[PDB]
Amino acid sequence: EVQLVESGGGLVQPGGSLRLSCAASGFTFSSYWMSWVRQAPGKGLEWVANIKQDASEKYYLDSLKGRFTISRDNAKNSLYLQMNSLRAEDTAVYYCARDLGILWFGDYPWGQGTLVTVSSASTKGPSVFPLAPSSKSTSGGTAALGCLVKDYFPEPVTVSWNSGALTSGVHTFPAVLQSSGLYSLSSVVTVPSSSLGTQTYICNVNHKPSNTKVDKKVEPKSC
């Protein structure tokens, strides 16, 4: 089975460097080229680098402007990519692939890439704000409430409701990268508006990167 294991992704500031590794097994590493393919956050595959069998030929995307250098050690069945002068646009999940023009990626479960996150922000825990339901902007016996998890870095946060008791009708939206360099998402849940004053609605926001947990009670907005 073709097993390709990526490692080395992380948080680097703009201008910094990083070196990614790809451990290979299950085939004759010497008979194939090797390619690095990145994928930005929800944006599809972009081939970035190519290295020959004996590493006597190396090819790149000119967009990179010589910032990336591909390498390979055959004794160790290993591929390497040195990423220099990193830009924010380089944030992506990087995969290595066995290459013969055709790309074979790593078989499950081994092959799954490494995540490079290039940002000038230091890690901050989120601020949770209640998206309170109103009796005016209701909808036929059903009312929606939620939590706005704003201004955090990096990904991810996890959000539950009532410590797991409230699951039906929960929508946790994908995080959006704000102009400030910080992420923010929101988690909403719809519940019978008849049982507002009776039922308690707590949202649990867990940001493991910053070692932060927040329990926020969303009360119906009474002016």
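From 1 onward, residues are counted along the sequence shown.
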Of 25-33 and 51-59, the stretch with the higher mean C-alpha B-factor in the deposited entry is 25-33
Looking only at C-alpha temperature factors in the entry, 145-153 or 79-87, the higher average sits in 145-153
Per the deposited entry, the peak Cα B-factor within the set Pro174, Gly66, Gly42, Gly169 goes to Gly42
Based on the PDB entry, the highest CA temperature factor among the options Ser71, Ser134, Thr117, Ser120 is that of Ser134
Quick tally, chain-level thirds of C-alpha B-factors: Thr212 sits in the middle
So, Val128's CA B-factor, relative to its chain, sits in which third? The highest
